[PDB]
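**Q** sequence unknown, structure follows:
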RNA sequence: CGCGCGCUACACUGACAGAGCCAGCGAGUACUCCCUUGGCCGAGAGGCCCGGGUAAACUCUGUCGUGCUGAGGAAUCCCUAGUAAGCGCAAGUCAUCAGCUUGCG
């Protein structure tokens, strides 16, 4: 049987995304942090409005 | 109006465009001086050019008939193999158009599929609300009148094919209730003598056929390119 | 009464019409060849054996229908003829390229009977028509032998006739008594 | 501001704010038409910012 | 994130007094090594499943070749238990 | 004839499933299931809008090809479609 | 003076008017024949009253049906209800009551929904 | 006992411009196997070279095979 | 950062081209998706013209054939007849709701 090699990261954690290109991983990280900061700002502004 | 002014203006305009690579239409902007009110003058017409507007190397016509679509499809399968069957990819009745094509994605796919369109004069009144605004209002790809008019009341088939041969390369004329319009005469890859011939016959047919109270109601015809300035002609 | 006859040439069969004499349908499901396109006496089902050894049996309508009923890949070496039984609707026979002729039934995935005894390619065969000859099979081979088997006793051939030439064609006569073996120049 | 889409009561109003942060500050505010129709800012809109 | 074995967690399980002999992934590793190297796997007539104590049921394809070392195997098993699949 | 095609006017004699297959000589081999395999009232196509899920054992009266069709429409994407299931039954019987 | 019977047929939201008069034997639905109007598999649902009653009962009548609403299935069930109830009402009014009772008995012995439309109310297990 | 098998050797792997593997499938399904060639593109190539869609790959002569390898180099020389 | 609730993608229940055939709720002189390259008539503010960014479903007939072109673990929850599930169309009703809500077939 033509055996294949299981693709896996050695030091695994669910808390971290895995991506080869640092540019694409960093752009996704900046988009996620921007969404988190925007949601926190909107929540604080809405509670101050109420 | 003398055509030498048109020839020198269009030569200067081609020099202005240049100084695939061009691929831009050239038109002339009609102005009139009084408002347009007759809904029969607001009907879209065609002007048969002596040098036809379309290249006819690979372009596909769509032909929009009204009453039995099976009769018109059998006429397409009947009559002429050399010029016509390579071009006529679809024959759609207005009932089949209003049935199958109401969706934005469907009419976008049809607009991207076919290359130039032809319709009948009893249908182009119905067509801006059957076909979408993304088909109709946006660009030049919009249906041209072909008179398929005398079991459907139809003109005889050699005259049908003669009319379609005349109307594939014809110049479309829309009028508007406002006083300014514009009408395409060709591209920028063409020769300026052919351009001036097209502008001359378009001026003749546009005034003496379409613009009512003709040379009283006429105002300036300014030859224009896509993004350039306009050059005068009969102020 | 029907208007279907089938001609196989190369990797496709072509069901022709009798009245119109046009190619009514062209079936090119086959990978490599199609060696006899034989349609059932009912007239709705075509069997055809390929050069890779499989035989495919598929339904055709009056029109363009090629829906595959069953496929057998037991020969593993080409099958040259595959013929329906003239009386029963589900029994068919197969002469393959190796040494075997064998009886299949359409619902089963197994050949119902196996007949060996030929020493070269067997490439022509038929059932025996007749009220008394219910289950007898004739096939001739390229070993210059025509053998006729009873299908009740799957031992050897019931009768054997040795010719001088590689036997190309076989047909029984409709009385069921005599038989024509076409071998070489005679 | 200017109405953008007008339903029976809820209208979408376009040329007034620049961002959902400003709308979230002015949430619940007493908005008014020139004609005299009163109204209330209800919710920021997502897709046109 | 590492499998719970008797290598380094001997102090934790001996402190919390719950069956130091039970947390052994090395049995699964050596047995899966045996079954993947066996010729009935190479012929192709072997199909192998694992059941863990948590109720996890893992199908192991016959076409895999596992890491032979326990450290890489433990990292691979953690990634499998958290991502529910290992692509080739 | 009022308006009837030639296949229906040919098999105008008795009740035939899909206008081709008879219910006349059909024998249920097990004695226990003669009550629950309902071939007594014949049907033409399995699409019969009958309330066979009102109360208990009412599904012992609907014809067995309707049971086969209604159990053919069984997964997440074949749920509403019944003409697909009666077409599958017609093709399978052919 | 003319013999004419108008009968309605009903399903979820598909309704059918069938006018049955003295005629030569035709059945038309929306101006097209009965062998044309249906999906190709539900024509056996349409031909059910004709094959129950036999063609000799429909030899004398001419039925014209209009349908509106519903889907394909609801419209087919409305057409077959209008056909069955229409021929029973014609045989009630213009030939003998024994023939009316024989037609009603054959149709009720096959399927009661050819004559009486049973609506699906909402009453689950209370 | 002598019938010409001049056509019966057709179910073998053919070689072409880029791919070295192109067996018998059809004439338009064999063109999809070459990288960069599409499913709508392959029908335009066959209507110019007067090859029929009914035939397979391998049912073509040594002249008719190379006519599709010139026209796959320059799609502009034959009109498009 | 976590959690679910919706939404989307994930192929045999396939893709392409045709043919045919089905709903119901919905009518406030009221409704409009942007913003711009140019030119017309504009002393000036604007208006024009030309470019750039009544269903789905279903049924029937043909053309091609599995090809990153893969239906969700432990748990946990819900559901018994026009119910589960698929599908579209319409409205936007002083609270809630456009990242959606509620009707209707």
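**A** The structure has been received and is ready for your questions. Residues are numbered from 1 along each chain as shown, chains lettered A, B, ... in the order given.
**Q** right, and residue G:37 touches residue G:30 too?
**A** Yes. Assessed by CB atoms under 8 Å, residue G:37 is found in contact with residue G:30 at 6.2 Å. Heads up, the C-betas are built off the backbone N, CA and C, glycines and all.
**Q** Name the residue in the two with the higher neighbour count.
**A** residue G:37 (21 against 14; other CB atoms under 10 Å in any protein chain shown).
**Q** can you pull the contacts of that one?
**A** Residues near residue G:37 by CB atoms under 8 Å, 6 or more residues apart in numbering or on different chains: G:29, G:30, G:46, G:79.
**Q** Can you name the two of those that sit furthest apart?
**A** Largest separation among the contacts of residue G:37 by CB to CB: G:30 and G:46, giving 13.0 Å.
**Q** Can you tell me the number of residues neighbouring the closest residue to residue B:68 other than its chain neighbours?
**A** Take residue B:68 and drop its neighbours on the chain: the residue closest to it by CB to CB, 6 or more residues apart in numbering or on different chains is residue B:152, 5.6 Å away. The number of residues packed near residue B:152 is 14, by other CB under 10 Å.
**Q** repeat for residue B:200
**A** 17.
**Q** and whichever residue of chain C sits closest to RNA strand I, how far is that from residue C:27?
**A** The nearest approach of chain C to RNA strand I comes at residue C:64, 3.4 Å away (CB to the nearest atom of the strand). Distance of residue C:64 to residue C:27, computed by CB to CB, to the nearest Å: 9 Å.
**Q** So the two - more neighbours on which side?
**A** residue C:27 (22 against 11).
**Q** how far away is the more buried one from residue C:56?
**A** Counting by CB to CB, the gap from residue C:27 to residue C:56 is 9 Å.
**Q** Mind listing the shared neighbours of these two?
**A** With CB under 8 Å, 6+ apart, residue C:27 and residue C:56 have common neighbours residue C:48.
**Q** mind listing the strands for chain E?
**A** E:48-51, E:57-60 (DSSP state E).
**Q** hang on, I meant chain D
**A** For chain D, strands defined by DSSP E occupy the ranges D:3-6, D:11-13, D:30-32, D:38-40.
**Q** Report how many residues lie close to residue A:14.
**A** Residue A:14: 10 neighbours (other CB under 10 Å).
**Q** Residue C:149 against residue C:115, yeah?
**A** Yes. Counting by CB under 8 Å, residue C:149 touches residue C:115, with 5.2 Å between them.
**Q** hey, what's in contact with both of these two?
**A** Joint contacts of residue C:149 and residue C:115 (CB under 8 Å, 6+ apart) are C:101, C:137, C:157.
**Q** Is stretch B:63-79 in proximity to RNA strand I?
**A** Yes. Contact between stretch B:63-79 and RNA strand I, assessed by CB under 7 Å from any atom of the strand, occurs at B:69, B:70.
**Q** what's the distance between residue F:41 and residue F:63?
**A** 7 Å.
**Q** More neighbours: which of the two?
**A** Per other CB under 10 Å, whichever of residue F:41 and residue F:63 has more neighbours is residue F:63, with 21 against 14.
**Q** which residue packs closest to that one, ignoring adjacent ones?
**A** Leaving aside its sequence neighbours, residue F:63 sits nearest to residue F:43 (CB to CB, 6+ apart; 4.7 Å).
**Q** Check whether the one you found sits in a helix, strand or coil.
**A** coil (DSSP: H, G, I helix; E, B strand; the rest coil).
**Q** Tell me how many other residues surround it.
**A** 22.
**Q** and what of residue G:104?
**A** Neighbours of residue G:104 using other CB under 10 Å come to 17.
**Q** Checking my notes, it in a helix, right?
**A** Yes. According to three-state DSSP, residue G:104 belongs to a helix.
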